[PDB]
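A quick write-up on the structure given underneath.
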Amino acid sequence: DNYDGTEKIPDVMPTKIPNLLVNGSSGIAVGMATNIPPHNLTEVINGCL
DNA sequence: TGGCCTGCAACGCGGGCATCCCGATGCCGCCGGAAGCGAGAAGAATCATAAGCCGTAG
């Protein structure tokens, strides 16, 4: 549900590509932080296979 | 293929023995230098105290 309980939001997306490993992100929490380099799609598919 | 180790035989010189002359040396007495590291001082490696940007939030 949305902020006022009037709409619906999908929890996760039915994706086919691991965008976390392909592009990544760089965010910082209140006490934590993360940083992930991008990668190549073909080698990720090869590793998954 | 060329050179080296060794046996056989001939030659020579020095090991051993003693001693006379000799050179170091242990000891004694007097003098020199270096060590003694402890301490003062200087240089350097390391630790402690500000920003700049990475991207959403106010």
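Just so we're aligned: 37 in this note's numbering is position 29 of the first sequence, and the numbers increase by one with no gaps anywhere. Think of the CB as a built atom: it goes at the ideal place given N, C-alpha and C, for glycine as much as any other residue.
Item                                                                                             : Value
DSSP on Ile53, reduced to helix/strand/coil?                                                     : helix
Quick one: give me the first and last residue of the alpha helix (DSSP H) that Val30 is part of. : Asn27 to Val30
Under 7 Å between the Cβ atoms of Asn31 and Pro46?                                               : yes
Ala37 by DSSP, collapsed to three states: which one?                                             : coil
Can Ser34 and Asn48 be called in contact, C-beta distance under 7 Å?                             : no
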